Amino acid sequence: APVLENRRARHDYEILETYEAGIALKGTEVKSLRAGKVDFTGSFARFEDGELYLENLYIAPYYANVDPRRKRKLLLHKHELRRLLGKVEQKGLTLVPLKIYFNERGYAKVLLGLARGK
RNA sequence: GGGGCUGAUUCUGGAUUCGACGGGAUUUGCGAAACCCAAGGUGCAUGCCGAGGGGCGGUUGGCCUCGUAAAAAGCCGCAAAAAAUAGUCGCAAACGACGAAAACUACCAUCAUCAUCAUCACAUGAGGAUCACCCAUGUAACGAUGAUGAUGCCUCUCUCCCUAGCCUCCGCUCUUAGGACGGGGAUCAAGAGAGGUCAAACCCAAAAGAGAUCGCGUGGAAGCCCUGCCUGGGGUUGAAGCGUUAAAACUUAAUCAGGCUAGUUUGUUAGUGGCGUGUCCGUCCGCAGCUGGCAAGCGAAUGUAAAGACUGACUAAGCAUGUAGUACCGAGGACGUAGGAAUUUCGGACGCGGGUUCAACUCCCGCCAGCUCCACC
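Numbering (the entry's author numbering), first residue to last: 2 to 63, 68 to 123.
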């Protein structure tokens, strides 16, 4: 599959601490992403009911009406995810997606930084 | 209404490795319930009439509770957030104001210097020169303007003045000047304090210093520690007066160390009489109390308590009743077992539901959803 980095990552962005997280797409979307029909423009995530949610990121189709335009989940540790929001309580850190990448079985992960950029 | 096309890009098997994501399950823990063993307290019981307060929701099973008139939890129901590399910082500030053209002059009740700018006179120059003049610079002399200093001249208000009973001065030497008992006078630069676009001012009130050499010395009595008796060496307070300048006249207190008698207490023993927490009994009997006798201590001693059980009779508690009914409570070792902890762990993110099956898109089987193409329209 492709590996895609994010454009301003070492420009106006400095990274204090780093984690990697698995993503929930749909496996049908993963086959299209293995091919590479994607766009990463302006991607971000926000915190909703104890979890971290990817609102913006687009994957195109390869069948029937399976929606590609709805938001996708990020999975991260039961202590550490629910703790790390209390790191950003200490007067602001941005959560940045540094790269999106594929494991050796061919499913997706995202590299996440706690950043002092703007 | 139809004609068609489109649906796991790990090759059969735990693996959508993973992604402490969310159920499910064991190993392992405490609340909860039950047992094994040790172990102490408790009167127990059945039954509850009425009264005041009382309000939903967010957190608590949306009524608490109690004892002869108040013994009886409580708040809230509403906005959010920080710094320095190819670019980039939205927009944002409160400070006031003017000028006028022509002529004279002072009493010493302020006085005095110095600084500057114009001028004459005495005076030099181996300075000069347009030739009776120009110029550095020493001495005398008028003038205006500006800064700067000072004990007084003045003027006004004013602390009582003169006298003195009493009287300092002194261990001793050495060295002074006066005040406020009493009285009389309509308050003076013989003394100060203040002012004129200017400045300075300490006679007055209940006595001092020094010759270093004790920073108030020197002098004396009485009572006393034991004290129940005995050994034991040596210490002080209450009080008075002498010495030079304010002139005193009796009163009661502070440590103990060692040995012990009479005398007395305790343990022990005997005994009259006392208390004994439900009232009444008694058997187990406990405790002090006080006399007589013994054994000991005489700074390790005269400090305070009031029962523990049962065979019996009559039986209580908030209120009523059953009174031989009957049990309640509580802590600790240790064998299990629920969403606490660790872990084998399944779904994982493959359109949507069936079967075969050790698992299935790959082995079978349905239906959807979309587009494309005929067509009433």
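Here a beta-carbon is modelled for each residue, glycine too, at the ideal position from N, C-alpha and C.
Out of curiosity, what's the CA-to-CA distance linking residue i and residue j?
{"i": "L100", "j": "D40", "result": "19 Å"}
{"i": "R8", "j": "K38", "result": "18 Å"}
{"i": "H84", "j": "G51", "result": "11 Å"}
{"i": "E21", "j": "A113", "result": "11 Å"}
{"i": "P62", "j": "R35", "result": "12 Å"}
{"i": "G111", "j": "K76", "result": "21 Å"}
{"i": "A10", "j": "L81", "result": "21 Å"}
{"i": "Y68", "j": "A25", "result": "20 Å"}
{"i": "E49", "j": "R74", "result": "18 Å"}
{"i": "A2", "j": "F107", "result": "7 Å"}
Excluding the five sequence neighbours on either side, which residues of its own chain have a C-beta within less than 8 Å of the C-beta of residue i, listed in chain order?
{"i": "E18", "result": "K92, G118 and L119"}
Three-state secondary structure (DSSP) at residue i?
{"i": "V31", "result": "helix"}
{"i": "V4", "result": "coil"}
{"i": "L17", "result": "strand"}
{"i": "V71", "result": "coil"}
{"i": "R11", "result": "coil"}
{"i": "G23", "result": "strand"}
{"i": "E85", "result": "helix"}
{"i": "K92", "result": "helix"}
{"i": "residue 1", "result": "Outside the modelled stretch of the chain, which goes from 2 to 123, sits residue 1, for which no answer is possible."}
Would you list the one or two residues that DSSP bridges to residue i?
{"i": "residue 66", "result": "In the model as presented, the chain runs from 63 straight to 68, which leaves residue 66 without coordinates."}
{"i": "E49", "result": "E52"}
Please check the pair residue i and residue j, which I expect to be a contact at CB under 8 Å, by giving their CB distance rounded to whole angstroms.
{"i": "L98", "j": "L79", "result": "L98 to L79, Cβ: 17 Å. No contact."}
{"i": "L103", "j": "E6", "result": "7 Å"}
Might you give, ordered along the chain, the residues of its own chain that have their beta carbon closer than 6 Å to the beta carbon of residue i, omitting 5 neighbours on each side?
{"i": "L116", "result": "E21, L103 and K104"}
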